[PDB]
>>> print(open('final28.pdb').read())   # PDB, C-alpha atoms
ATOM      1  CA  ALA O  10       7.142   1.679 -10.655
ATOM      2  CA  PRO O  11      10.402   3.229 -11.928
ATOM      3  CA  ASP O  12       8.845   6.648 -12.603
ATOM      4  CA  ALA O  13       6.820   6.424  -9.384
ATOM      5  CA  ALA O  14       9.939   5.567  -7.431
ATOM      6  CA  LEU O  15      12.252   8.305  -8.689
ATOM      7  CA  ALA O  16       9.862  11.178  -7.970
ATOM      8  CA  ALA O  17       8.846   9.619  -4.675
ATOM      9  CA  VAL O  18      12.412   9.614  -3.408
ATOM     10  CA  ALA O  19      12.833  13.190  -4.647
ATOM     11  CA  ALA O  20       9.787  14.129  -2.602
ATOM     12  CA  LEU O  21      11.045  12.842   0.716
ATOM     13  CA  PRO O  22      14.077  15.137   1.028
ATOM     14  CA  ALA O  23      12.029  18.092  -0.172
ATOM     15  CA  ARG O  24       9.589  17.516   2.700
ATOM     16  CA  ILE O  25      12.384  17.182   5.223
ATOM     17  CA  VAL O  26      14.011  20.401   3.962
ATOM     18  CA  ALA O  27      10.665  22.226   4.208
ATOM     19  CA  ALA O  28      10.102  21.000   7.757
ATOM     20  CA  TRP O  29      13.644  21.988   8.734
ATOM     21  CA  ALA O  30      13.207  25.472   7.307
ATOM     22  CA  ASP O  31      10.326  25.949   9.761
ATOM     23  CA  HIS O  32      12.028  24.017  12.537
ATOM     24  CA  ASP O  33       8.911  21.841  12.609
ATOM     25  CA  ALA O  34       9.455  18.469  14.298
ATOM     26  CA  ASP O  35       5.896  17.318  13.537
ATOM     27  CA  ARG O  36       6.222  17.601   9.754
ATOM     28  CA  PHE O  37       9.749  16.239  10.021
ATOM     29  CA  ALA O  38       8.679  13.092  11.858
ATOM     30  CA  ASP O  39       5.593  12.596   9.696
ATOM     31  CA  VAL O  40       7.879  11.826   6.717
ATOM     32  CA  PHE O  41       8.981   8.651   8.511
ATOM     33  CA  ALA O  42       7.243   5.284   8.631
ATOM     34  CA  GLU O  43       5.782   4.476  12.046
ATOM     35  CA  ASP O  44       8.742   2.197  12.820
ATOM     36  CA  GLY O  45      11.238   4.239  10.824
ATOM     37  CA  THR O  46      14.784   4.862  11.998
ATOM     38  CA  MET O  47      17.177   7.778  12.035
ATOM     39  CA  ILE O  48      20.897   7.257  12.570
ATOM     40  CA  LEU O  49      23.350  10.179  12.872
ATOM     41  CA  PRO O  50      26.759  10.341  14.394
ATOM     42  CA  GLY O  51      26.057   9.947  18.083
ATOM     43  CA  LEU O  52      22.338   9.160  17.618
ATOM     44  CA  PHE O  53      19.885   6.342  17.023
ATOM     45  CA  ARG O  54      16.158   6.923  17.170
ATOM     46  CA  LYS O  55      13.614   4.214  16.361
ATOM     47  CA  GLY O  56       9.952   5.044  15.663
ATOM     48  CA  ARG O  57       8.167   8.141  14.385
ATOM     49  CA  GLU O  58       7.228   9.329  17.885
ATOM     50  CA  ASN O  59      10.787   9.053  19.154
ATOM     51  CA  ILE O  60      12.033  10.895  16.093
ATOM     52  CA  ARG O  61       9.389  13.570  16.711
ATOM     53  CA  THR O  62      10.373  14.196  20.358
ATOM     54  CA  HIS O  63      14.053  14.204  19.473
ATOM     55  CA  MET O  64      13.696  16.780  16.696
ATOM     56  CA  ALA O  65      11.472  18.921  18.881
ATOM     57  CA  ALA O  66      14.404  19.242  21.289
ATOM     58  CA  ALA O  67      16.995  19.456  18.517
ATOM     59  CA  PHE O  68      15.236  22.298  16.730
ATOM     60  CA  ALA O  69      15.026  24.193  20.001
ATOM     61  CA  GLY O  70      18.737  23.696  20.647
ATOM     62  CA  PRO O  71      21.630  22.665  18.345
ATOM     63  CA  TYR O  72      19.687  23.036  15.063
ATOM     64  CA  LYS O  73      18.158  26.378  15.924
ATOM     65  CA  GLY O  74      18.619  28.841  13.079
ATOM     66  CA  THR O  75      20.235  26.328  10.726
ATOM     67  CA  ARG O  76      19.283  25.342   7.191
ATOM     68  CA  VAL O  77      19.717  22.172   5.123
ATOM     69  CA  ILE O  78      21.338  21.891   1.699
ATOM     70  CA  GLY O  79      21.716  18.849  -0.515
ATOM     71  CA  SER O  80      22.021  17.264  -3.930
ATOM     72  CA  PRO O  81      21.440  13.648  -5.043
ATOM     73  CA  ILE O  82      24.404  11.387  -5.840
ATOM     74  CA  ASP O  83      22.796   7.976  -6.353
ATOM     75  CA  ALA O  84      19.303   6.510  -6.697
ATOM     76  CA  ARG O  85      18.283   2.886  -7.032
ATOM     77  CA  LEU O  86      15.008   0.968  -7.230
ATOM     78  CA  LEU O  87      15.379  -2.120  -5.019
ATOM     79  CA  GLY O  88      11.951  -3.578  -5.689
ATOM     80  CA  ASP O  89       8.288  -2.688  -6.104
ATOM     81  CA  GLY O  90       7.638   0.264  -3.834
ATOM     82  CA  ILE O  91      11.159   0.364  -2.332
ATOM     83  CA  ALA O  92      13.918   2.816  -3.342
ATOM     84  CA  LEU O  93      17.202   4.132  -1.964
ATOM     85  CA  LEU O  94      18.432   7.682  -2.551
ATOM     86  CA  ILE O  95      21.891   8.877  -1.540
ATOM     87  CA  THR O  96      22.537  12.608  -1.209
ATOM     88  CA  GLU O  97      25.393  14.876  -0.138
ATOM     89  CA  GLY O  98      25.087  18.260   1.593
ATOM     90  CA  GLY O  99      24.441  19.050   5.212
ATOM     91  CA  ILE O 100      23.604  21.722   7.725
ATOM     92  CA  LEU O 101      24.620  25.382   7.498
ATOM     93  CA  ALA O 102      24.973  27.792  10.421
ATOM     94  CA  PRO O 103      24.208  31.477   9.789
ATOM     95  CA  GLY O 104      26.845  33.032   7.559
ATOM     96  CA  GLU O 105      27.885  29.713   5.995
ATOM     97  CA  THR O 106      27.375  29.015   2.291
ATOM     98  CA  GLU O 107      28.808  25.493   2.029
ATOM     99  CA  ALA O 108      28.551  22.607   4.506
ATOM    100  CA  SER O 109      31.762  21.907   6.416
ATOM    101  CA  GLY O 110      33.243  19.523   8.927
ATOM    102  CA  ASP O 111      30.616  17.697  10.952
ATOM    103  CA  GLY O 112      28.034  19.759   9.164
ATOM    104  CA  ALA O 113      28.951  18.153   5.821
ATOM    105  CA  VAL O 114      27.429  14.735   5.300
ATOM    106  CA  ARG O 115      26.329  12.001   2.920
ATOM    107  CA  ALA O 116      22.834  10.740   3.695
ATOM    108  CA  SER O 117      20.877   7.652   2.718
ATOM    109  CA  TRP O 118      17.102   7.790   2.348
ATOM    110  CA  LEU O 119      15.349   4.420   2.229
ATOM    111  CA  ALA O 120      11.838   5.034   0.923
ATOM    112  CA  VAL O 121       9.004   2.517   1.171
ATOM    113  CA  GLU O 122       5.558   2.753  -0.326
ATOM    114  CA  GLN O 123       2.923   2.144   2.338
ATOM    115  CA  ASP O 124      -0.811   2.715   1.889
ATOM    116  CA  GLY O 125      -0.159   4.088  -1.599
ATOM    117  CA  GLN O 126       2.164   6.670  -0.059
ATOM    118  CA  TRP O 127       5.952   6.780   0.242
ATOM    119  CA  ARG O 128       7.540   7.171   3.650
ATOM    120  CA  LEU O 129      11.058   7.064   5.007
ATOM    121  CA  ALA O 130      11.866   3.670   6.468
ATOM    122  CA  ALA O 131      15.397   4.773   7.303
ATOM    123  CA  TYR O 132      17.517   7.907   7.200
ATOM    124  CA  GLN O 133      21.246   7.858   8.041
ATOM    125  CA  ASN O 134      24.047  10.329   7.663
ATOM    126  CA  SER O 135      27.833  10.119   7.940
ATOM    127  CA  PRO O 136      30.428  12.881   7.659
ATOM    128  CA  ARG O 137      31.450  13.657   4.073
ATOM    129  CA  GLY O 138      35.105  14.278   4.923
ATOM    130  CA  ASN O 139      37.929  14.855   2.452
ATOM    131  CA  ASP O 140      38.060  18.273   4.119
TER     132      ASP O 140
ATOM    133  CA  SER C   3      -0.397 -19.073  13.328
ATOM    134  CA  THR C   4      -0.633 -22.580  11.913
ATOM    135  CA  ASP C   5       1.237 -24.565   9.289
ATOM    136  CA  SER C   6      -0.635 -22.483   6.692
ATOM    137  CA  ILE C   7       1.076 -19.213   7.726
ATOM    138  CA  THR C   8       4.420 -18.253   6.306
ATOM    139  CA  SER C   9       7.685 -18.072   8.159
ATOM    140  CA  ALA C  10       9.438 -16.428   5.187
ATOM    141  CA  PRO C  11       9.874 -12.974   6.772
ATOM    142  CA  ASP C  12      11.562 -14.496   9.840
ATOM    143  CA  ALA C  13      13.833 -16.601   7.648
ATOM    144  CA  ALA C  14      14.692 -13.467   5.702
ATOM    145  CA  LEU C  15      15.688 -11.585   8.830
ATOM    146  CA  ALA C  16      17.787 -14.509   9.990
ATOM    147  CA  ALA C  17      19.536 -14.631   6.605
ATOM    148  CA  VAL C  18      20.352 -10.907   6.682
ATOM    149  CA  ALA C  19      21.519 -11.169  10.312
ATOM    150  CA  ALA C  20      24.064 -13.708   9.104
ATOM    151  CA  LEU C  21      25.709 -11.297   6.640
ATOM    152  CA  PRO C  22      27.769  -9.503   9.279
ATOM    153  CA  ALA C  23      29.512 -12.783  10.194
ATOM    154  CA  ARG C  24      30.717 -13.069   6.579
ATOM    155  CA  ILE C  25      32.238  -9.596   6.863
ATOM    156  CA  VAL C  26      33.745 -10.368  10.293
ATOM    157  CA  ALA C  27      35.407 -13.498   8.918
ATOM    158  CA  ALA C  28      36.701 -11.721   5.814
ATOM    159  CA  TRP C  29      38.082  -8.962   7.997
ATOM    160  CA  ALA C  30      39.797 -11.352  10.406
ATOM    161  CA  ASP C  31      41.673 -12.649   7.358
ATOM    162  CA  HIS C  32      42.217  -9.189   5.764
ATOM    163  CA  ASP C  33      40.494 -10.568   2.690
ATOM    164  CA  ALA C  34      39.159  -7.757   0.523
ATOM    165  CA  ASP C  35      37.791 -10.223  -2.001
ATOM    166  CA  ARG C  36      35.554 -12.116   0.410
ATOM    167  CA  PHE C  37      34.598  -8.758   1.872
ATOM    168  CA  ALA C  38      33.484  -7.368  -1.489
ATOM    169  CA  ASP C  39      31.681 -10.572  -2.444
ATOM    170  CA  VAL C  40      29.050  -9.803   0.225
ATOM    171  CA  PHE C  41      28.011  -6.779  -1.869
ATOM    172  CA  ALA C  42      25.716  -6.482  -4.888
ATOM    173  CA  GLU C  43      27.476  -5.578  -8.113
ATOM    174  CA  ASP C  44      26.379  -1.935  -7.805
ATOM    175  CA  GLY C  45      26.296  -1.866  -4.009
ATOM    176  CA  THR C  46      27.436   1.157  -1.994
ATOM    177  CA  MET C  47      29.591   1.623   1.095
ATOM    178  CA  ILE C  48      29.393   4.901   3.005
ATOM    179  CA  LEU C  49      31.672   5.645   5.967
ATOM    180  CA  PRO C  50      32.716   8.887   7.532
ATOM    181  CA  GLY C  51      34.924  10.324   4.875
ATOM    182  CA  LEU C  52      34.142   7.666   2.250
ATOM    183  CA  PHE C  53      31.755   6.799  -0.546
ATOM    184  CA  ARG C  54      32.421   3.789  -2.807
ATOM    185  CA  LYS C  55      29.982   2.399  -5.353
ATOM    186  CA  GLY C  56      30.348  -0.939  -7.114
ATOM    187  CA  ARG C  57      31.617  -4.280  -5.833
ATOM    188  CA  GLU C  58      34.958  -3.913  -7.638
ATOM    189  CA  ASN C  59      35.482  -0.375  -6.301
ATOM    190  CA  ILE C  60      34.741  -1.627  -2.785
ATOM    191  CA  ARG C  61      37.194  -4.462  -3.410
ATOM    192  CA  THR C  62      40.053  -2.175  -4.419
ATOM    193  CA  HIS C  63      39.330   0.184  -1.559
ATOM    194  CA  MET C  64      39.399  -2.575   1.028
ATOM    195  CA  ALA C  65      42.530  -4.126  -0.448
ATOM    196  CA  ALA C  66      44.312  -0.823   0.217
ATOM    197  CA  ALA C  67      42.593  -0.315   3.571
ATOM    198  CA  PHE C  68      43.610  -3.730   4.907
ATOM    199  CA  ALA C  69      47.235  -2.984   3.966
ATOM    200  CA  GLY C  70      47.112   0.353   5.752
ATOM    201  CA  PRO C  71      44.693   1.798   8.361
ATOM    202  CA  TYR C  72      42.848  -1.478   9.112
ATOM    203  CA  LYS C  73      45.951  -3.626   9.285
ATOM    204  CA  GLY C  74      45.851  -5.863  12.370
ATOM    205  CA  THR C  75      42.339  -4.831  13.402
ATOM    206  CA  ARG C  76      39.215  -6.902  14.056
ATOM    207  CA  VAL C  77      35.455  -6.281  13.807
ATOM    208  CA  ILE C  78      32.835  -6.756  16.523
ATOM    209  CA  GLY C  79      29.112  -6.154  16.433
ATOM    210  CA  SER C  80      25.637  -7.131  17.605
ATOM    211  CA  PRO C  81      22.244  -6.464  15.981
ATOM    212  CA  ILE C  82      19.919  -3.787  17.317
ATOM    213  CA  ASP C  83      17.117  -3.732  14.717
ATOM    214  CA  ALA C  84      15.871  -5.769  11.767
ATOM    215  CA  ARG C  85      12.996  -5.178   9.397
ATOM    216  CA  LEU C  86      11.700  -6.883   6.306
ATOM    217  CA  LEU C  87      10.701  -4.122   3.909
ATOM    218  CA  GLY C  88       9.395  -6.321   1.095
ATOM    219  CA  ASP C  89       9.933  -9.755  -0.401
ATOM    220  CA  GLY C  90      13.701  -9.963  -0.889
ATOM    221  CA  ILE C  91      14.552  -6.646   0.783
ATOM    222  CA  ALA C  92      15.542  -6.273   4.417
ATOM    223  CA  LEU C  93      17.378  -3.817   6.628
ATOM    224  CA  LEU C  94      19.521  -4.755   9.606
ATOM    225  CA  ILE C  95      21.043  -2.242  11.995
ATOM    226  CA  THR C  96      23.984  -3.262  14.191
ATOM    227  CA  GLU C  97      26.297  -1.633  16.701
ATOM    228  CA  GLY C  98      29.977  -2.378  17.280
ATOM    229  CA  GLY C  99      33.059  -1.333  15.377
ATOM    230  CA  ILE C 100      36.753  -1.837  14.775
ATOM    231  CA  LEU C 101      39.253  -2.820  17.514
ATOM    232  CA  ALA C 102      42.997  -2.098  17.483
ATOM    233  CA  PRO C 103      45.258  -4.720  19.088
ATOM    234  CA  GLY C 104      44.829  -4.709  22.864
ATOM    235  CA  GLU C 105      41.330  -3.222  22.779
ATOM    236  CA  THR C 106      38.279  -5.183  23.938
ATOM    237  CA  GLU C 107      35.520  -2.650  23.251
ATOM    238  CA  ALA C 108      35.121  -0.246  20.312
ATOM    239  CA  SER C 109      35.818   3.368  21.205
ATOM    240  CA  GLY C 110      35.675   6.789  19.635
ATOM    241  CA  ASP C 111      35.804   6.761  15.830
ATOM    242  CA  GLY C 112      36.158   3.011  16.038
ATOM    243  CA  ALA C 113      32.683   2.627  17.578
ATOM    244  CA  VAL C 114      29.836   2.784  15.065
ATOM    245  CA  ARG C 115      26.220   1.952  14.230
ATOM    246  CA  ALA C 116      25.842   0.354  10.809
ATOM    247  CA  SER C 117      23.008  -0.281   8.414
ATOM    248  CA  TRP C 118      22.963  -3.342   6.194
ATOM    249  CA  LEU C 119      20.440  -3.008   3.395
ATOM    250  CA  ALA C 120      20.232  -6.451   1.841
ATOM    251  CA  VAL C 121      18.553  -7.539  -1.396
ATOM    252  CA  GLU C 122      17.965 -11.151  -2.376
ATOM    253  CA  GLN C 123      19.158 -12.411  -5.765
ATOM    254  CA  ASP C 124      19.415 -15.995  -6.938
ATOM    255  CA  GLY C 125      18.409 -17.132  -3.470
ATOM    256  CA  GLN C 126      21.391 -15.245  -2.032
ATOM    257  CA  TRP C 127      21.175 -12.156   0.166
ATOM    258  CA  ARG C 128      23.693  -9.500  -0.798
ATOM    259  CA  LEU C 129      24.420  -6.008   0.449
ATOM    260  CA  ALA C 130      22.878  -3.235  -1.656
ATOM    261  CA  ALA C 131      24.119  -0.629   0.831
ATOM    262  CA  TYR C 132      26.291  -0.556   3.905
ATOM    263  CA  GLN C 133      26.686   2.644   5.889
ATOM    264  CA  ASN C 134      28.160   3.400   9.269
ATOM    265  CA  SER C 135      28.119   6.409  11.572
ATOM    266  CA  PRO C 136      29.947   6.988  14.851
ATOM    267  CA  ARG C 137      28.137   5.556  17.885
ATOM    268  CA  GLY C 138      28.993   8.489  20.143
ATOM    269  CA  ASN C 139      27.721   8.973  23.702
ATOM    270  CA  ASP C 140      31.377   8.397  24.612
TER     271      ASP C 140
END
>>> encode(input="final28.pdb", output="C-alpha cells")
Amino acid sequence: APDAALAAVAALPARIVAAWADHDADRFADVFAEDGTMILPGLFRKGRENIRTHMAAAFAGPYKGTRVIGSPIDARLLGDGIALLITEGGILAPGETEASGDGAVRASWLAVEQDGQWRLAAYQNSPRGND
Amino acid sequence: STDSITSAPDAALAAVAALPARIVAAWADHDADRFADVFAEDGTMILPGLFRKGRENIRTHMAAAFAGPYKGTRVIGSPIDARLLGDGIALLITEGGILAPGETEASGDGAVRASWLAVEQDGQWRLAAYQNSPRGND
C-alpha cells in the first residue's frame, strides 16, 4: 500500500502533463474518477464529462500553446488506496521558463484506487504568490 | 434498504459537514488555537499565496493573521459537494468566504471555493487538508 500509493500519485500528474502537451481533453478527463472534481480560481467542474467538455474548450482557447511544469512538495497516504499529493509549478506561455503570477500555482491531487486503478478524485489549484 | 444496511457513509458526510462550523466559530472569536485544533497534526492549509504544513505552523500563522489582515472579519459558507472516499476519509467542498465589516456577501478575493479533506482518528474527524481558490465569475 505505501509503495503502491507513492508511485500511483506520481503517475497521475505525469498523465495530466502528457495530455496537456497534446492539448487532449479526452486523456485529461480520463485521469479523473467519474464523479471527480476540478477547482481552479474562477472554476468548479464536477464529473469526468463536465471536466472533458471544459478542457476541450480551454485547450482551444486560453490554454492553447501552453505547457505545464511542476514538482512535488508533499505526499501523504490517508488510508488504503487513498493518497494526497501536493505540487507546485504551473502553466507557461511561449517564451516563459518559470511560472509566474496567475500562472504559478500549488495544486492538490487526491488519488483514489478504484477497480485496481488509481484515479483523481479531486484536483485543485491556488496561486503560489510570494511574487 | 433495511435495518441491515449501513448508514455509516451518511453519518460520515454529516460529521465532515459540521467541521466548517467549528472554523466559523473559531474565526468569529479570532481564536487561532481552536482554528488549528480542527487540523490533523501534519495537516496542510493552502490559500492563494500560502502553504502551511503542521497544526502548530497553522496555529502560528493564524495567530498572526487574526491580528492583522483578518482582524474584524467573519466567515460564511455553504456546502456544494460531499463524498466519502473510504472508511474514515471524506471530502467536502464549500463556497463562501471572508467578509469585511459592512459586507453581506463575499466578493473578489474574499469569495472562495474550499476543499475540506477530512480523516477520522479516535472517532474524531480532523482536517488533513484545507485549500481554497477564488470563486470568480465576479
>>> residues_around(input="final28.pdb", residues="residue 66 (chain O)", least_positions_apart="6", cutoff="10 Å", atoms="only C-alpha atoms", output="MDAnalysis selection string")
chainID O and resid 34 72:73
>>> write_last_selection(input="final28.pdb", atoms="C-alpha atoms", output="tab-separated table (two decimals), in the coordinates of the input")
chain	number	residue	atom	x	y	z
O	34	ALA	CA	9.46	18.47	14.30
O	72	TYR	CA	19.69	23.04	15.06
O	73	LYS	CA	18.16	26.38	15.92
>>> resolve_selection(input="final28.pdb", expression="the PyMOL selection byres ((chain O) within 7 of (chain C))", output="PDB file with C-alpha atoms, in the coordinates of the input")
ATOM      1  CA  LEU O  49      23.350  10.179  12.872  1.00  0.00           C
ATOM      2  CA  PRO O  50      26.759  10.341  14.394  1.00  0.00           C
ATOM      3  CA  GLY O  51      26.057   9.947  18.083  1.00  0.00           C
ATOM      4  CA  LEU O  52      22.338   9.160  17.618  1.00  0.00           C
ATOM      5  CA  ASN O 134      24.047  10.329   7.663  1.00  0.00           C
ATOM      6  CA  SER O 135      27.833  10.119   7.940  1.00  0.00           C
ATOM      7  CA  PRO O 136      30.428  12.881   7.659  1.00  0.00           C
ATOM      8  CA  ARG O 137      31.450  13.657   4.073  1.00  0.00           C
ATOM      9  CA  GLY O 138      35.105  14.278   4.923  1.00  0.00           C
ATOM     10  CA  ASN O 139      37.929  14.855   2.452  1.00  0.00           C
TER      11      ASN O 139
END
>>> atom_distance(input="final28.pdb", atom1="CA of residue 37 (chain C)", atom2="CA of residue 70 (chain C)")
16.0 Å
>>> residues_around(input="final28.pdb", residues="residue 31 (chain O)", least_positions_apart="2", cutoff="10 Å", atoms="all atoms listed in the file", output="list in words")
residues 26, 27, 28, 29, 33, 34, 36, 37, 68, 73, 74, 75 and 76 of chain O
>>> write_last_selection(input="final28.pdb", atoms="C-alpha atoms", output="tab-separated table (two decimals), in the frame of the given file")
chain	number	residue	atom	x	y	z
O	26	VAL	CA	14.01	20.40	3.96
O	27	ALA	CA	10.66	22.23	4.21
O	28	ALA	CA	10.10	21.00	7.76
O	29	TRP	CA	13.64	21.99	8.73
O	33	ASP	CA	8.91	21.84	12.61
O	34	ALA	CA	9.46	18.47	14.30
O	36	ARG	CA	6.22	17.60	9.75
O	37	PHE	CA	9.75	16.24	10.02
O	68	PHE	CA	15.24	22.30	16.73
O	73	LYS	CA	18.16	26.38	15.92
O	74	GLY	CA	18.62	28.84	13.08
O	75	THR	CA	20.24	26.33	10.73
O	76	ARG	CA	19.28	25.34	7.19
>>> atom_distance(input="final28.pdb", atom1="CA of residue 47 (chain O)", atom2="CA of residue 71 (chain O)")
16.8 Å
>>> residues_around(input="final28.pdb", residues="residue 102 (chain C)", least_positions_apart="4", cutoff="8 Å", atoms="all atoms listed in the file", output="count of residues only")
3
>>> axis_aligned_box(input="final28.pdb", around="region 72-82 of chain O", padding_each_side="6 Å", output="AutoDock Vina command-line options")
--center_x 21.3 --center_y 20.1 --center_z 5.0 --size_x 18.2 --size_y 29.5 --size_z 33.8
